[PDB]
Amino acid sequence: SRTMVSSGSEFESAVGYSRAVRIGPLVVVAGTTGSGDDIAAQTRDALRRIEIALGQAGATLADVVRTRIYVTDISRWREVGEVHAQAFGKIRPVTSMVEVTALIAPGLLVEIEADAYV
């Protein structure tokens, strides 16, 4: 039995995708970006939205087994890591962080995916 979470955004509309999908104990979360002027704020906001999507799929951050982080400037990995650490210091999912040339819009500095179990 499959459940899906939508945020009502046009982008989900134009591309045909969900914020989160749950089947069995698996919950997957879409690449998520954040509001905010700088990389730290955007990371916090991206993680807040992941939590919101998770919670609507009956999951919490404690269920997250993997995150994947795309940044436009990996030299700023520490600003991003600090926020990920404040969110996942106990939980400690696996992650990756790689630099990409661009995200969907030029002001967007970080995008985060998540996989959760349970």
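Numbering starts at 1 and runs along the sequence shown.
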Requested in this report: Pick between 14-22 and 101-109: the one whose mean CA B-factor in the entry is higher.
Outcome: 101-109
Query raised in the report: Taking only the CA atoms, which stretch has the higher mean B-factor in the record, 72-80 or 46-54?
Result: 72-80
Query raised in the report: C-alpha B factor of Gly34, ranked within the chain: lowest, middle or highest third?
Result: middle
Report task. Classify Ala40 as lowest, middle or highest third according to the C-alpha B-factor given in the PDB entry, relative to its own chain. Result -> middle
Query raised in the report: Which third of the chain does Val27 land in by C-alpha B-factor: lowest, middle or highest?
Result: middle
